[PDB]
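>>> My complex, part one, positions kept as in the full thing:
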Amino acid sequence: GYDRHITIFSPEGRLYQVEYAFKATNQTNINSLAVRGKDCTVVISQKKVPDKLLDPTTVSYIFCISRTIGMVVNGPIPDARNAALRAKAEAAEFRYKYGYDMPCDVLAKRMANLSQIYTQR
């Protein structure tokens, strides 16, 4: 019935609504490659712009969530922006209440926890 239309469990124990989310991030056809250097981390990503009338400079997928922490997005750009906004807000908040900027580990975990809540609702 609604075991694929909302986030409730199925007889399989697998959430079909959640599966569909991963079947929409590869439909934008953007590849990324991220490597750890000895002193740096480098991430390069596609930026295919097939139009004369789109400004290519404003077509982007690398958003700076902290002054030290970049974020590269593979998948739809409305959801990208919302996740960027939320992440920036939290990173600022962490500075405010703990006296130092949010680690990469914990910023990842925080968005991870919000994602679970969005599939709980």
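Done, it's in. Numbering: from 1, shown residues only, chains lettered A, B, ... in the order given.
>>> make it CA atoms for all contacts and neighbour counts henceforth
Noted.
>>> The longest helix belonging to chain A: which residues count as buried?
Using DSSP state H, we find that the single longest helix of chain A is helix A:77-98. Buried positions in helix A:77-98, judged by neighbour count with 16 or more other Cα atoms under 10 Å: A:80, A:83-84, A:87-88, A:90-91, A:94.
>>> In JSON lines: the residues you listed, plus distance to residue A:118.
As requested, the buried residues of helix A:77-98 are exported to JSON lines (distance: Cα to Cα, whole Å):
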{"residue": "A:80", "distance to residue A:118": "15"}
{"residue": "A:83", "distance to residue A:118": "12"}
{"residue": "A:84", "distance to residue A:118": "16"}
{"residue": "A:87", "distance to residue A:118": "15"}
{"residue": "A:88", "distance to residue A:118": "18"}
{"residue": "A:90", "distance to residue A:118": "17"}
{"residue": "A:91", "distance to residue A:118": "20"}
{"residue": "A:94", "distance to residue A:118": "22"}
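>>> Out of the residues you listed, the closest to residue A:11 would be?
Of all the buried residues of helix A:77-98, residue A:11 sits closest to residue A:83, with 31.4 Å by Cα to Cα.
>>> Quick one: residues contacting the closest one.
By Cα atoms under 8 Å, 6 or more residues apart in numbering, the contact list for residue A:83 reads residue A:111.
>>> what are the phi and psi angles of residue A:34?
Dihedral pair for residue A:34: phi -140, psi 130, per degrees, to the nearest 10.
>>> Which residue, other than its chain neighbours, is closest to it?
Leaving aside its chain neighbours, residue A:34 sits nearest to residue A:43 (4.3 Å; criterion: Cα to Cα, 6 or more residues apart in numbering).
>>> next one: residue A:30
Spatially, and ignoring its direct neighbours in sequence, residue A:30 is nearest to residue A:46 (5.4 Å; Cα to Cα, 6+ apart).
>>> what's the answer for residue A:95, then?
residue A:101 (4.5 Å).
>>> Determine the number of other residues adjacent to that neighbour.
19 (other Cα atoms under 10 Å).
>>> need the contact list for it.
By Cα under 8 Å, 6+ apart, the contact list for residue A:101 reads A:91-92, A:94-95.
>>> I'd guess residue A:67 is in a helix, am I close?
No: read with DSSP: H, G, I helix; E, B strand; the rest coil, residue A:67 is coil and lies in no helix.
>>> about what we covered before: tally of neighbours for the residue nearest to residue A:34?
13.
>>> same question, residue A:64
Counted with other Cα under 10 Å, the neighbours of residue A:64 add up to 14.
>>> Now it. Its backbone dihedrals?
phi -90, psi 110.
>>> following sequence is chain B, add it:
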Amino acid sequence: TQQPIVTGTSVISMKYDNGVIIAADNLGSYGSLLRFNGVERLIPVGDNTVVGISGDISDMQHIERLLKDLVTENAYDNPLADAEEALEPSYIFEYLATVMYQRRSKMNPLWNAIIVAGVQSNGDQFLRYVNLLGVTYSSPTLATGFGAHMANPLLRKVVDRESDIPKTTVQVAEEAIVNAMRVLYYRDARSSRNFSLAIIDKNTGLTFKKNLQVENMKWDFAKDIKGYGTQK
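Adding chain B to the chains above:
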């Protein structure tokens, strides 16, 4: 009524085996504003006694008048009624005490805190304290004002009792008043770098070294931390 108008800092002092030293800084502040520098607060009465006056500068002047009148009374009559009835510190002390006490009762007191430091003609060290309220007490180390409960702790570690007077010398006290003054200039907002120092020795008399500056100062730890805590 009377309350703080223009107010001095602290007079600090200690005993040793042959005498006492007493020192103060030259400030009449009008609160935060340091409005008068160069205003001396040690007042010598004869050559065996320096009275260090703290509190209000106004009242200080008016005890300047009373100490000066006193020398005149003693000189009066015989010239031999002041050579072997010459002044003792214990006389100056008592006189100052009883006027303050009775003036507090008229409810407009002399707003001061005073150390009377001297040596008797028998050679005994004399350091005793009086204040506007009229509380009397003796201590081997005494100070007034903020430095009565700031500067004084350090001083009392050199001399805590009457037994530790023979364990202290004119050059130990000398270092410790210089040091208790540096502590004073550092951690009090009312302070002058200038300070005058008098020494009453029984063997060598009044030696009055004026207008010293605080030396051996450190500010080399102020480059290492900035911000108020949170800022790195």
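>>> Take the neighbour count of residue A:64 again, chain B included.
Burial of residue A:64 is recorded as 14 neighbouring residues (other Cα atoms under 10 Å in any protein chain shown).
>>> Surely it touches residue A:73?
No: if you go by Cα atoms under 8 Å, residue A:64 and residue A:73 don't touch, sitting 11.2 Å apart.
>>> For chain A, just list every one of the strands.
Under the criterion DSSP state E, chain A contains strands at A:32-36, A:41-45, A:62-64, A:70-72.
>>> Any chance of TSV for those, columns distance to residue B:122?
TSV is the format used below for those (distance: least, Cα to Cα, whole Å):
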stretch	distance to residue B:122
strand A:32-36	87
strand A:41-45	85
strand A:62-64	85
strand A:70-72	85
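>>> quick one: which of these is nearest residue B:108?
Closest of the strands of chain A to residue B:108 is strand A:62-64, at 70.4 Å (criterion: Cα to Cα).
>>> Verify the stated contact: residue B:177 with residue B:13.
Yes: here residue B:177 reaches residue B:13: they are 7.2 Å apart, a contact under Cα under 8 Å.
>>> Could you name every residue contacting both of those two?
residue B:23 (Cα atoms under 8 Å, 6 or more residues apart in numbering or on different chains).
>>> buried stuff in stretch A:14-34?
For stretch A:14-34, burial by neighbour count (16 or more other Cα atoms under 10 Å in any protein chain shown) applies to A:15-18, A:30.
>>> same check, this time on stretch B:121-133
Quick answer for stretch B:121-133 (16+ other Cα under 10 Å): B:125-133.
>>> Looks to me like residue B:211 is in a strand.
Yes: applying three-state DSSP, one finds residue B:211 inside a strand.
>>> Counting neighbours, what do you get for it?
For residue B:211, the count of nearby residues is 14 (other Cα under 10 Å).
>>> residue contacts, the closest residue to it other than its chain neighbours?
Nearest non-adjacent residue to residue B:211, counting by Cα to Cα, 6 or more residues apart in numbering or on different chains: residue B:196, 4.7 Å away. Listed by Cα under 8 Å, 6+ apart, the contact partners of residue B:196 are B:23-26, B:40, B:42, B:208-212.
>>> Got phi/psi on residue B:12?
Dihedral angles for residue B:12 - degrees, to the nearest 10 - are phi -130, psi 160.
>>> got the contact list for it?
Shown in contact with residue B:12 (Cα under 8 Å, 6+ apart): B:22-24, B:141-144, B:147-148, B:151-152, B:177.
>>> Residue B:53 too?
Contacts of residue B:53 by Cα under 8 Å, 6+ apart are B:11, B:41-43, B:60, B:112-115.
>>> ok, what's across the strand from it?
Per DSSP bridges, the residues bridged to residue B:53 are residue B:114.
>>> now do residue B:208
Residues in beta-bridge contact with residue B:208 (DSSP bridges): residue B:198.
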